[PDB]
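Below you will find one chain, with nothing else, as structure tokens; this is the form deposited in one PDB entry, and questions on how it binds or moves follow later.
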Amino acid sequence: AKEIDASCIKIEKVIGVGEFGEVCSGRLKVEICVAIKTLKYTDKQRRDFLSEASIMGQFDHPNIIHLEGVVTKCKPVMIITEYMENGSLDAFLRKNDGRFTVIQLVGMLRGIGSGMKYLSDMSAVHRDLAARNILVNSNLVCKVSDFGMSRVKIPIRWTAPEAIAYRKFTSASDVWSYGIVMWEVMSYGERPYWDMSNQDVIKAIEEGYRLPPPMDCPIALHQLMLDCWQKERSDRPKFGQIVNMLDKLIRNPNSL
């Protein structure tokens, strides 16, 4: 992760408040813009708050939030990462409802896929993949963040069957999550399974029910979602196949 001297981090604005503490956006000098996650809390939070930075520090990929460093030897304890102008993907889509083309939405999913293909290769499992955990920048590049649950309370409607049933988390269960993320994107941040109860969703999926294709969503994309939602995890496509399929869709826009 690398320790950074607090004299280098200069907060400017408080973008909002997160779980463990506040979340801001300042600058880092040695100058560039960065994100800052402060902690204010008991030891029952610090070890988990920082552990997220530790794991995130093992990664280096364009579609994975870059960790600048951490400030532990001083208060407030904080995590410094690359700045993302547009913030959380889900909120970003709800504020720009129906304002993006199919190819642009596909490009975002391509990047997310690429970041997941990176993680899965590192033998890492996010276990909490969702649009709310994916940040977007001014260039529309979506990056996977929030590695608090990663392993090298999780929403049921985003979690794969086996993961809930017999606590089996793998890159195959993240694919199922990716499937849900795909649905959120093409639906502009729409709540999966809407007003259905977590119990209804579990039963529904067991009966063979699957989320319908979002309006104006290409048949091929929805099918890709169906594959990601296959009961038998072994039958679901690998992240490598997912990134490949999307590229061929982008390269050949007419196929969408």
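All residue numbers refer to positions in the sequence shown, first residue = 1.
What follows is about the form solved in complex with a small molecule, which we do not show.
Out of the listed residues 28, 217, 205, 56, 56 is the one that sits within 4.5 Å of the small molecule in the bound PDB entry by at least one heavy atom.
With the partner omitted here, the residue from 175, 84, 131, 112 that has a non-hydrogen atom within 4.5 angstroms of the small molecule in the bound PDB entry is 84.
Heavy atoms within 4.5 Å of the small molecule in the bound PDB entry are found in one stretch of 161-169, 182-190, 98-106, 84-92, which is 84-92. Taking the partner from the other structure, the small molecule in the bound PDB entry has a heavy atom within 4.5 Å of a heavy atom of residue 23.
Within this chain, residue 65 lines the site of the small molecule in the bound PDB entry, having a heavy atom no more than 4.5 Å away.
Although the partner is absent here, residue 120 lies well away from the small molecule in the bound PDB entry, with no heavy atom inside 4.5 Å. Interface membership of residue 61, defined by any non-hydrogen atom within 4.5 Å of the small molecule in the bound PDB entry, is ruled out.
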